[PDB]
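*Asks:* This is coords.tsv (TSV, C-alpha atoms).
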chain	number	residue	atom	x	y	z
N	1	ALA	CA	-17.80	-13.27	-19.01
N	2	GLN	CA	-14.77	-14.40	-16.99
N	3	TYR	CA	-13.80	-10.97	-15.69
N	4	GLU	CA	-16.92	-8.89	-14.98
N	5	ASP	CA	-17.30	-5.28	-13.92
N	6	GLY	CA	-18.86	-5.39	-10.50
N	7	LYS	CA	-17.39	-8.77	-9.70
N	8	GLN	CA	-13.56	-8.96	-9.50
N	9	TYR	CA	-13.31	-5.21	-9.99
N	10	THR	CA	-15.37	-2.06	-10.20
N	11	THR	CA	-15.10	0.91	-12.52
N	12	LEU	CA	-14.68	4.43	-11.22
N	13	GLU	CA	-17.64	6.53	-12.32
N	14	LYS	CA	-15.16	9.40	-11.86
N	15	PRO	CA	-11.84	8.34	-13.48
N	16	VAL	CA	-8.61	9.94	-12.29
N	17	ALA	CA	-6.35	11.49	-14.92
N	18	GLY	CA	-2.60	10.90	-14.70
N	19	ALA	CA	-2.80	8.26	-11.96
N	20	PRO	CA	-0.04	5.65	-11.40
N	21	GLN	CA	-0.50	2.45	-13.41
N	22	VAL	CA	-0.84	0.21	-10.35
N	23	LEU	CA	-1.57	2.01	-7.09
N	24	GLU	CA	-1.99	0.27	-3.74
N	25	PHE	CA	-3.15	1.93	-0.51
N	26	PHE	CA	-2.56	0.61	3.00
N	27	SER	CA	-2.19	1.52	6.63
N	28	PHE	CA	0.19	0.01	9.16
N	29	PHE	CA	-2.89	-0.02	11.49
N	30	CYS	CA	-4.92	-2.01	8.98
N	31	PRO	CA	-5.34	-5.70	9.94
N	32	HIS	CA	-6.24	-6.96	6.46
N	33	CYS	CA	-3.23	-4.93	5.24
N	34	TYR	CA	-1.00	-6.91	7.60
N	35	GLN	CA	-2.43	-10.09	6.08
N	36	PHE	CA	-1.96	-8.76	2.52
N	37	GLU	CA	1.63	-7.89	3.15
N	38	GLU	CA	2.97	-10.35	5.70
N	39	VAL	CA	0.89	-13.49	4.99
N	40	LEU	CA	-0.47	-13.22	1.43
N	41	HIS	CA	2.34	-11.11	-0.07
N	42	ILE	CA	-0.12	-9.45	-2.47
N	43	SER	CA	2.12	-6.61	-3.58
N	44	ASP	CA	4.89	-9.05	-4.47
N	45	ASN	CA	2.75	-11.54	-6.36
N	46	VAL	CA	1.18	-8.74	-8.36
N	47	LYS	CA	4.71	-7.57	-9.39
N	48	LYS	CA	5.63	-11.06	-10.52
N	49	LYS	CA	2.83	-10.97	-13.08
N	50	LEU	CA	2.81	-7.38	-14.35
N	51	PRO	CA	3.59	-6.69	-18.03
N	52	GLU	CA	6.65	-4.99	-19.42
N	53	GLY	CA	6.85	-1.35	-18.39
N	54	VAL	CA	4.26	-1.07	-15.61
N	55	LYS	CA	5.57	0.23	-12.25
N	56	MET	CA	3.82	-0.18	-8.89
N	57	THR	CA	3.19	2.51	-6.37
N	58	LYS	CA	2.22	1.99	-2.76
N	59	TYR	CA	0.91	4.75	-0.52
N	60	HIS	CA	0.08	5.00	3.19
N	61	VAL	CA	-3.17	6.59	4.43
N	62	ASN	CA	-4.11	8.93	7.28
N	63	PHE	CA	-7.61	7.83	8.17
N	64	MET	CA	-6.62	5.04	10.56
N	65	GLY	CA	-4.86	5.44	13.88
N	66	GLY	CA	-5.27	9.17	14.41
N	67	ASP	CA	-2.08	11.08	15.23
N	68	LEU	CA	0.20	8.09	14.85
N	69	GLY	CA	-1.56	7.31	11.59
N	70	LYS	CA	-0.37	10.62	10.16
N	71	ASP	CA	3.14	10.07	11.55
N	72	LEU	CA	3.24	6.75	9.69
N	73	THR	CA	2.25	8.44	6.44
N	74	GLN	CA	5.22	10.78	6.93
N	75	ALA	CA	7.52	7.85	7.80
N	76	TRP	CA	6.39	6.02	4.69
N	77	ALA	CA	7.25	9.16	2.67
N	78	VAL	CA	10.69	8.97	4.35
N	79	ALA	CA	10.89	5.28	3.43
N	80	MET	CA	10.09	6.12	-0.21
N	81	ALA	CA	12.50	9.05	-0.35
N	82	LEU	CA	15.37	6.93	0.98
N	83	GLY	CA	14.28	3.81	-0.90
N	84	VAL	CA	14.20	1.64	2.20
N	85	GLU	CA	10.62	0.33	1.87
N	86	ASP	CA	11.75	-3.31	1.88
N	87	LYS	CA	13.65	-2.82	5.12
N	88	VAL	CA	11.01	-1.13	7.25
N	89	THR	CA	7.71	-2.57	6.02
N	90	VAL	CA	7.93	-5.75	8.14
N	91	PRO	CA	9.19	-4.12	11.37
N	92	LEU	CA	6.62	-1.33	11.06
N	93	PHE	CA	3.76	-3.81	10.60
N	94	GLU	CA	4.96	-6.00	13.51
N	95	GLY	CA	5.69	-2.94	15.67
N	96	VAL	CA	2.15	-1.61	15.29
N	97	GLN	CA	0.20	-4.87	15.15
N	98	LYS	CA	2.26	-7.73	16.58
N	99	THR	CA	4.44	-6.48	19.42
N	100	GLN	CA	2.57	-3.14	19.74
N	101	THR	CA	5.82	-1.39	20.54
N	102	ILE	CA	5.18	1.55	18.19
N	103	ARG	CA	3.33	4.20	20.17
N	104	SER	CA	5.05	7.42	19.08
N	105	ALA	CA	7.02	9.11	16.34
N	106	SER	CA	10.16	8.21	18.31
N	107	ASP	CA	9.24	4.49	18.25
N	108	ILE	CA	8.71	4.73	14.52
N	109	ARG	CA	12.14	6.33	14.20
N	110	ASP	CA	13.68	3.48	16.24
N	111	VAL	CA	12.55	1.01	13.57
N	112	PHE	CA	14.51	2.91	10.90
N	113	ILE	CA	17.59	3.17	13.16
N	114	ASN	CA	17.44	-0.54	13.93
N	115	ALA	CA	17.13	-1.11	10.16
N	116	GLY	CA	20.43	0.71	9.66
N	117	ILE	CA	19.26	4.14	8.53
N	118	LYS	CA	21.43	6.77	10.25
N	119	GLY	CA	19.58	9.06	12.64
N	120	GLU	CA	20.93	12.25	11.09
N	121	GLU	CA	19.83	10.83	7.71
N	122	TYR	CA	16.37	9.89	8.98
N	123	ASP	CA	15.89	13.26	10.70
N	124	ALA	CA	17.01	15.23	7.64
N	125	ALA	CA	14.56	13.31	5.45
N	126	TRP	CA	11.71	13.55	7.97
N	127	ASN	CA	12.02	17.34	8.08
N	128	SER	CA	12.60	17.83	4.34
N	129	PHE	CA	10.36	19.53	1.80
N	130	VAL	CA	10.89	16.61	-0.57
N	131	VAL	CA	9.24	14.41	2.06
N	132	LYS	CA	6.49	17.01	2.60
N	133	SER	CA	5.65	16.84	-1.12
N	134	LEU	CA	5.69	13.04	-0.96
N	135	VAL	CA	3.18	13.21	1.91
N	136	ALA	CA	1.09	15.55	-0.25
N	137	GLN	CA	1.28	13.10	-3.20
N	138	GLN	CA	0.00	10.22	-1.01
N	139	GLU	CA	-2.80	12.36	0.35
N	140	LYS	CA	-3.81	13.57	-3.13
N	141	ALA	CA	-3.93	10.10	-4.63
N	142	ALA	CA	-6.25	8.90	-1.84
N	143	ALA	CA	-8.45	11.99	-2.21
N	144	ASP	CA	-8.69	11.55	-5.99
N	145	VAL	CA	-10.36	8.13	-5.59
N	146	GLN	CA	-12.46	9.15	-2.57
N	147	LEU	CA	-10.69	6.46	-0.55
N	148	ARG	CA	-12.46	5.34	2.63
N	149	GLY	CA	-10.99	1.87	3.20
N	150	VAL	CA	-7.79	-0.10	2.93
N	151	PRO	CA	-6.35	-2.33	1.59
N	152	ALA	CA	-7.20	-1.05	-1.88
N	153	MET	CA	-5.72	-1.28	-5.34
N	154	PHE	CA	-6.46	0.82	-8.44
N	155	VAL	CA	-5.35	0.24	-12.02
N	156	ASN	CA	-4.82	3.27	-14.30
N	157	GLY	CA	-7.07	5.39	-12.13
N	158	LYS	CA	-10.00	3.63	-13.78
N	159	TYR	CA	-10.50	0.29	-12.04
N	160	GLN	CA	-10.63	-0.74	-8.39
N	161	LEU	CA	-9.89	-4.31	-7.30
N	162	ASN	CA	-12.85	-6.12	-5.67
N	163	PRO	CA	-11.33	-8.99	-3.63
N	164	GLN	CA	-14.69	-9.75	-2.00
N	165	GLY	CA	-15.70	-11.26	-5.34
N	166	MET	CA	-13.17	-14.10	-4.78
N	167	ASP	CA	-12.79	-17.37	-2.75
N	168	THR	CA	-10.53	-17.49	0.32
N	169	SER	CA	-10.71	-21.24	1.07
N	170	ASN	CA	-7.15	-21.52	-0.22
N	171	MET	CA	-4.85	-18.53	0.38
N	172	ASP	CA	-2.52	-19.27	-2.60
N	173	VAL	CA	-5.40	-19.37	-5.08
N	174	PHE	CA	-6.86	-16.08	-3.92
N	175	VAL	CA	-3.53	-14.30	-4.27
N	176	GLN	CA	-3.07	-15.55	-7.84
N	177	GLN	CA	-6.65	-14.66	-8.79
N	178	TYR	CA	-5.95	-11.21	-7.36
N	179	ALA	CA	-2.65	-10.96	-9.29
N	180	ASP	CA	-4.17	-12.35	-12.51
N	181	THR	CA	-7.01	-9.83	-12.20
N	182	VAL	CA	-4.54	-6.96	-11.90
N	183	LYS	CA	-2.72	-8.23	-15.03
N	184	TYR	CA	-6.02	-8.41	-16.94
N	185	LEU	CA	-6.94	-4.87	-15.91
N	186	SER	CA	-3.48	-3.56	-16.81
N	187	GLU	CA	-3.81	-5.07	-20.31
N	188	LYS	CA	-7.25	-3.50	-20.77
Starting from the coordinates I provided, produce the structure as structure tokens.

*Replies:*
Amino acid sequence: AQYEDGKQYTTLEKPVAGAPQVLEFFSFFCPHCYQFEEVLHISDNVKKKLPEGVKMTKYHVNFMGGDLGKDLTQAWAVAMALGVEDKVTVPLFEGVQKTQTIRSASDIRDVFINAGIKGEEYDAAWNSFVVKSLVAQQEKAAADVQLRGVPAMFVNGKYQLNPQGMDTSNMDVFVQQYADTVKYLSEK
């Protein structure tokens, strides 16, 4: 057919109950993730094509970058709790991968400050139980799908995007194939 299991997507032999409708995993250490976000704008083009009523979720992962990797998962929980994802995503990606000026939890914090989040507000969030549970949620979602690489996207805890079964000659075409595939899977 046009969309084939094993080609543009795979099916989880072990489906995950109660999963978010569209769930994306990434790491700020992840070079393809930088491309996805900063160059391809995958998350955004997927949104543009999703049906009525389907929300997207994006989680950070621990398994890249060691200690700073875990700090970034906690900062992303802070970003989600404060709703400032669209203000820190670019400076966090460039800080880790472009300028390489993020080397510590303090440097991560600087990005939020520079983005206009008050220190007292950032510190309160960082240390909060609501952020701890949001860290736990990110960790659980990754564990539920046995996640060992990013970027990754899952639809309804049943399907996993398979971008390798796509052409990259033209960047624009790949992004839309990716987005169209997510829409197809959502409507399944």

*Asks:* Find the distance between atom CA of residue N:25 and atom CA of residue N:128 and write it in Å to one decimal.

*Replies:*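 Atom CA of residue N:25 sits 22.9 Å away from atom CA of residue N:128.
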
*Asks:* Show which residues sit within 10 Å of residue N:177, as number ranges by chain. Count only C-alpha atoms, and ignore same-chain residues fewer than 4 positions away.

*Replies:* N: 8, 46, 163, 166-167, 172-173, 181-183

*Asks:* Tell me, as a VMD selection string, which residues lie within 9 Å of stretch 65-68 of chain N, counting all atoms listed in the file; anything in the same chain fewer than 6 positions away does not count.

*Replies:* chain N and resid 27 to 30 102 to 105

*Asks:* Compare N:21, N:138, N:114, N:35 by their minimum atom-to-atom distance to residue N:77, counting all atoms listed in the file, and give me the closest one.

*Replies:*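 Of N:21, N:138, N:114, N:35, the one nearest residue N:77, counting all atoms listed in the file, is N:138.
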
*Asks:* Go ahead and compute the interatomic distance for atom CA of residue N:187 and atom CA of residue N:145, in Å to one decimal.

*Replies:*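 Atom CA of residue N:145 lies at a distance of 20.8 Å from atom CA of residue N:187.
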
*Asks:* Would you mind listing what lies within 8 Å of residue N:85 as a list in words, with only C-alpha atoms counted and same-chain residues fewer than 5 positions away left out?

*Replies:*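 The contact residues come out as residues 76, 79 and 80 of chain N.
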
*Asks:* Would you kindly return, as a PyMOL selection string, each protein, DNA or RNA residue with an atom no farther than 10 Å from any atom of residue N:55, considering only C-alpha atoms and excluding same-chain residues fewer than 4 positions away?

*Replies:* chain N and resi 20-23+47+50-51

*Asks:* In Å to one decimal, how far is atom CA of residue N:15 from atom CA of residue N:158?

*Replies:*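 Going from atom CA of residue N:158 over to atom CA of residue N:15 covers 5.1 Å.
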
*Asks:* Pick out the residues sitting within 12 Å of residue N:115, and hand them over as a PyMOL selection string; count all atoms listed in the file, and ignore anything fewer than 2 positions along from it in its own chain.

*Replies:* chain N and resi 79+84-92+108-113+117-119+122
